[PDB]
Ligand SMILES: CC(=O)SCCNC(=O)CCNC(=O)[C@H](O)C(C)(C)COP(=O)(O)OP(=O)(O)OC[C@H]1O[C@@H](n2cnc3c(N)ncnc32)[C@H](O)[C@@H]1OP(=O)(O)O
Ligand SMILES: CC(C)(COP(=O)(O)OP(=O)(O)OC[C@H]1O[C@@H](n2cnc3c(N)ncnc32)[C@H](O)[C@@H]1OP(=O)(O)O)[C@@H](O)C(=O)NCCC(=O)NCCS
Ligand SMILES: O=C([O-])CC(=O)C(=O)O
Ligand SMILES: O=C([O-])CC(=O)C(=O)O
Ligand SMILES: O=C([O-])CC(=O)C(=O)O
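Residue numbers (the authors' numbering), protein chains in the order written: chain C, 1 to 442; chain E, 1 to 441; chain D, 1 to 440; chain F, 1 to 441.
This is the structure we're talking about:
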């Protein structure tokens, strides 16, 4: 498999380079660590490594150096499905792992690997899923189902039998192949059992990964396959500092396998502060629609935005700190709606918003960035094609972000990064010492 | 419950204090952040707040200011079971939450809440546990059963009903009582199914929390109860920077409830680098006894230690970097053995090790610490009484450590600390800019 | 446990005696092995060892030298339940193992050990039984339940860890205590699921083993407790050579643990020539009662007996492989019935058969034994007290016969007897050499 | 089906021949019965009839007069798979029942019958299997599933309804066909659940019986299919007197159906001294290999054999109750290894064992047969092809041995042999009487 033969060459180089970076430049200072950082969620503190994606506050997130547009269209385009436009997550994943663009064949090998292993979800994983009351939240069911599959972990097995640190990444790749293949199956199982009368649709062995997720949920239109593919591409990764990506690295750092690290990560993604934005945006949009008995005019939408902001509320999906431009992930999805559903009422509102809202956020002047993010666009897309089960949206997210998390975990284990072990401090000590302490600088 | 009425008075005070500390001293620098932290798992980086316990290099861990001697023996001794000597975790928990020492009444209220609530483990939790093949690792079973119980989360439900941040700690507390009550039942269920022929022993409503775990695992000797109480006490908390306590805090920072954070924390505990040390020690002691056909002499042990150190190995249970004195958690456990099982042979090796290994580690001069930690003593105690299922040792650990994780989670949600969102950096950026960075100093 | 302390003395002794026998007398001839033996199910062949019991053609079974009357009536009467008359099987089991008569206190130890270990049937055993469809034959359910419990086998675990032959008996004893405690629980569960609407009754912790089976099956009655005690006493053991006992020895001889060897045995007891006769007697008694609208005359019964034989059938409950006199196991149940239900009409038919059928069978002139065996009497007792689930009768048998199976397997492992592996022969060889062989 | 048409003529002939023999040659003496026989496991005592096969002390097994070479290569080579070399068990079975060598067409009739009925394993058997904890030994799982399926016995249903003794062999044949079809499915379910992540592969209707078992286990190489064919053939049958065959006859004799008689026989095969030796052989080789970190010297193996003897353990894979020479089932398997895997490490240890272990057992002086048996060789063959789960090896044996068990049960109910019921004797009797008894010569 190209993906592995390649990683067999690159990872020992990278390991040597990281060893060199630690020895030679370990003592280079990047910043001051303050009291503020400890009480402030480490916000700003350069504490983590991640090589799969990087946010440039001018341009947006980039995957191994490449912009999102570049990878969606033009000579840098990632391989599609036969007769498709949208880039397959399978090829995206190859990129995150190798830093290199995959060929057509490279991607067909990953799709085949995911397809073959998609048949190897253990029966007991379903037994476990069926044991959970049906009204359990989908993110609980999802994480639990992932965790139960831990019995099949090749990393745990091999760790216990005795394996060199040099082989960690190989076992992590093998487990990641297995778990990634499992996720559409588990997710679909949950979807079907909760929402669609407990009727189960098997994988089609001719579909790519994302499309199979759609097929197994019960959607077979070409457009939905294309949506799923795009969705999975865009949401795959976003640095390592978000709660879910961080949890993954943290639990991985103790040599806990991907089933443990990833399911932990999902427990994190399930949190209301990490995993709900998509849904809140959508719910808002639909409230607008109900309020104005249809699409509002440019004027009505300005009047509403002003009243929202003046009673101290936020406009969902707009105005998050890190960027200073429009999220490429938003732009990609706008592009998709304009092509395949331009006359959708709820999307018209989203389109009106893209025109109005940043003009209102600029003249209100409370947001240093007035532009939308990826979560501003996704909801209407799902809803249009009849995926209307808000709670489940976070599962879809989780399915995508496993691309990032597995790639990251394979790499840091390839690099042989040590256990994540910050130092906590007590308020007792803060109060003892704070006066004696230098201000940030000197 | 006094604990609640008390937290009602204290947590607003602590919330206002922490606001003030952030405003007035946020800009105070504690240390240099380096490349080395980012590629070194943040070793040393004062990035977290934990007010439940603190490690002093020259004394050991302290719980809310108080040493282990103070609480176990000393002038501030925590309430025991009737007839008992060892401190009840129920009172330690009270202390971790309030920073104040419990009365006998306070401990009984907590004991009584854990007992009542021990009857409220949903049937579906057992269904889930049973659906897992019996040869599944017990820490996977443990974390999965806890996670399944997420459906009963009061936090989760109240968050969606819409609730002020001001009330977070109350929901966290409620869930924390339910979960803690459930942990012994889940852990016992796993033990009985895997190791004891799938026969199930119900909670005794007259036993404290620790004892009930022993009871439900099928051990009713007073000494065993006393061991369980001590164990649960010693292992309850060790700062917030360790993987499990950190995982707990991290996932909690997203407003995920205690079942999600604690199950996640347990996935980290399951990690070979975090959860196995007392087993490794015990097997080490067990190998010595096999090798010398009994307790080695001073001289056999010294040779074997020097041989060990001269092939680049470490001696398990000894020579950890943070302490510079013997871990008081080790001392308390040695005190227990000397008193209750002094002729146990594996104990005799452990005790001999206490004399011999520090001397060999001083002479060898490589260790900045020649002394043992908790993990060097805990195995032979468990094994003495017939808890011999190595893999399950991490579950006992987990049960104890829930006392600390719950306390820390209740607290930081009282404080209303924000989400944990550090910044990641690229090797690409480091390789570019490293040469142009100042050196720390 | 006195039982163990005693076996700890006795088995080393017996093992040395058996060694001595094999060395000094191994080549001592007992009988001729013939072609009839090989094609005739080994009838008469002294091929096996059993020290628990011996079946005398002209006297009946003896348990370690002691007759049923000796142990039920006196002058060597075993301990009873408090206020009971019937011997407790706990006491019989003690005697089968040691060859010594138990004290009262020795029997309470065993009762208390069964009661304690009764609480230790694994949940997964029930899981297994519930997965069997409810119309499954109950002997199928029984053997499966026992076999599933093989996962808790101490012999199996210890064998793998490494143990010398001398230690086998101790592992066999531990498993036998666990399994024997389990059988009443498993039997009751099957009974209650099949026949009593799937409601389940726990062990009562102040009942002996036999009476706990009755209790858990739903019958709380002194006479019933007494019947079960007697029943379990009587079917306990009957030499080494019957199909169930022999199956147990055979599978045991390859170092398979008691769950394997006993479940195998129950597969054999489930067989129509070994375990169904109780039932066939009852049905035949009920047929008589229906035809003649009550208890028949001696004339009506004789006709019906002749009509049974002319239609090519056996008269059930009569005859035996080796017995040639009235089975003492029959007589003991006759005494029970005379005492507790002498006006019961089915019983009346059974009693009338005792006077009439032996004459019929003597004249018929085929049967080598014209007298009743145990199976002639058991059904009408069970039926009288409200146990009417015919197929389940063989389970009760199974629970009892466990007593002798456990004792024998423990002993033979104590002795360290080797694997049972006789030589087979072909019909081709026989045909070629038969003329040249000597006669016996 | 030719098989049945042929049995319908042959069995009445055999029935009558038997009846005549019982009548005419009942009192023919074959040998003396001794105290030795009663206390020595009947060793040598001609106490059973078997017509499928006969084990010669000095040559090993013959199936209906034919040797293994004769049927595998020799002038009377059984039909293979298309493009195959190894003989198919389907044809050996036809030989066992009829005494006649099958055609191509007769073997395809049986293969097709197995294939068709492979689909008819009830759902409840799989429910029973899953109800068992996954760490249950395979041989217990195998026996239990077989036993659960007793519900579908035609013989037990027809017996309960009233059926003549003459229709017995017919009901036994119908049941055997169904059960034999079931055993690969049942065996493969156990293999998959325990060892391959609880995913399940359906039968392939284009495969013969042995190959389909591999297929359903997860192994599809031709050489693997060939190994299974040879394996199922070699372990089919071995006289009446082996513990499994005899347990089957014993239970059969009370009119218990094949599901009861064969599950019973499997509880006997599971014994360390019987079929479980194929597992024990590999466990023993493993301990060897670990002790000397690789292929040991002659001296190291010598020392190792003796240490197992001196610790009161058996050396698995050597010895036999009738064999007094190297087992031709062994020689056959060696042949297979030399051809297919001559350089395998484990195979080298087995080859070494063939020189050394007989030498040890001669000097030790107790074994009547110092040479290897079938179970010495079988494990290494499977291990080579990636079937390394040695606890499963006795299940494969069982699937094969069902062939012999079914052939014998059908025949003996055709002959109408009676219940097996030898006489037991007491030790008390032996003491009193022994001095008076004649010495046998
Ligand atoms: C069932 C099958 O498929 S094949 C054979 C069984 N499988 C095994 O490899 C088990 C190991 N082998 C043995 O135990 C024996 O050879 C068996 C199982 C065949 C038993 O057969 P027996 O006829 O009782 O053996 P044999 O007549 O040689 O026994 C005489 C003595 O030799 C010993 N002996 C025989 N084979 C072995 C052996 N492989 N290792 C150690 N001791 C042995 C016996 O234990 C006995 O010792 P004892 O006098 O202290 O009781
Ligand atoms: C138990 C039993 C099967 C043993 O049979 P056995 O060892 O073959 O007995 P015998 O040596 O007395 O058999 C000789 C003949 O008498 C016949 N016979 C024996 N008992 C008989 C009976 N109760 N009714 C009719 N005929 C009988 C046999 O069928 C045989 O007939 P055959 O010569 O036509 O073949 C036999 O006595 C019998 O069939 N009994 C009835 C069933 C029963 O109640 N069994 C309980 C067993 S504890
Ligand atoms: O005891 C532990 O788990 C280690 C620990 O607390 C820490 O390093 O902070
Ligand atoms: O003894 C026999 O063979 C038949 C019998 O009565 C029994 O097994 O109890
Ligand atoms: O064990 C026996 O006696 C004969 C046999 O099956 C065997 O070698 O498998």
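For every residue, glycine included, the Cβ atom is placed at its ideal position computed from N, Cα and C.
*asked:* Assuming contact is defined by CB atoms lying nearer than 8 Å, are residue 236 (chain C) and residue 401 (chain C) in contact in what I supplied?
replied: Going by C-beta atoms, residue 236 (chain C) is nearer than 8 Å to residue 401 (chain C).
_Quick check on the DSSP output: the alpha helix (DSSP H) that includes residue 290 (chain C) runs from which residue to which?_
277-291
*One or two residues paired with residue 65 (chain F) in a DSSP bridge*: DSSP output for residue 65 (chain F) lists no bridge partner at all.
*Would DSSP call residue 28 (chain D) helix, strand or coil?*
strand
*asked:* Give me the DSSP bridge partner(s) of residue 129 (chain C).
replied: None, per the DSSP bridge assignment.
*When you check each C-beta in the region 180-191 of chain F against every C-beta of chain D, which residues fall closer than 7 Å?*
none
*asked:* What does the Cβ neighbour count give for residue 288 (chain F), buried or exposed, with the cut at 16 atoms within 10 Å?
replied: buried
_Going by the DSSP bridge assignment, what does residue 54 (chain D) pair with across the sheet?_
D:62
*From the DSSP output, in three-state form, read off residue 255 (chain E) for me.*
coil
*Would residue 426 (chain C) count as contacting chain E if we go by Cβ distances under 8 Å?*
yes
*Is it right to say residue 46 (chain E) is buried, meaning 16 or more other beta carbons lie within 10 angstroms of its own, or is it exposed?*
buried
*Enumerate in chain order the residues of its own chain whose CB-to-CB distance from residue 344 (chain E) is below 8 Å, with the five nearest sequence positions on each side excluded.*
337, 380 and 384
_Quick check on DSSP: helix, strand or coil for residue 203 (chain D)?_
DSSP places residue 203 (chain D) in coil when its eight states are reduced to three.
*Which runs of the alpha helix (DSSP H) fall wholly inside the region 339-367 of chain F and span at least 4 residues, in chain order?*
345-364
*asked:* Less than 8 Å between CB atoms is the rule here; does residue 333 (chain C) satisfy it with respect to chain F?
replied: no
_Where the region 109-133 of chain D meets chain E: residues whose CB sits under 9 Å from a CB there_ = 119, 120, 121, 122, 123, 124, 125 and 127
*Chain-ordered chain E contacts of residue 135 (chain F) [CB-CB under 7 Å]*: 134 and 135
_Three-pair Cβ contact test at 8 Å for the region 144-159 of chain F versus the region 142-152 of chain D_ = Between the region 144-159 of chain F and the region 142-152 of chain D, the count of Cβ pairs shorter than 8 Å is three or higher; the stretches touch.
*asked:* Mapping the DSSP letters down to three states, classify residue 196 (chain E) as helix, strand or coil.
replied: It is coil, neither helix nor strand.
_For residue 391 (chain F), would you say it is in contact with chain C, using Cβ-to-Cβ distances shorter than 8 Å as the test?_
no
*Specify, as a first and last residue, the run of the beta strand (DSSP E) that residue 423 (chain D) falls within.*
423-425
*Would you kindly report the start and end of the unbroken beta strand (DSSP E) that includes residue 48 (chain F)?*
46-49
*Taking Cβ-Cβ distances below 9 Å as the criterion, which residues of the region 359-380 of chain F are in contact with chain D?*
none
*asked:* With DSSP as the reference, identify every bridge partner of residue 454 (chain C), one or two as the case may be.
replied: Residue numbering for chain C in the displayed model covers 1 to 442; residue 454 (chain C) lies beyond these limits and cannot be assessed.
_Proximity below 8 Å, CB of residue 68 (chain C) to CB of residue 328 (chain C)_ = yes
_According to DSSP, simplified to helix, strand and coil, what is residue 159 (chain F)?_
helix
*Less than 8 Å separating the beta-carbons of residue 220 (chain D) and residue 212 (chain D)?*
Remark: C-beta atoms of residue 220 (chain D) and residue 212 (chain D) do not approach each other more closely than 8 Å.
_Is the beta carbon of residue 318 (chain E) closer than 8 Å to that of residue 334 (chain E)?_
No, the pair does not count as a contact, with Cβ atoms beyond the cut-off.
*residue 397 (chain F) and residue 275 (chain F) look like a contact to me (Cβ under 8 Å); what is the Cβ gap, rounded to whole Å?*
5 Å
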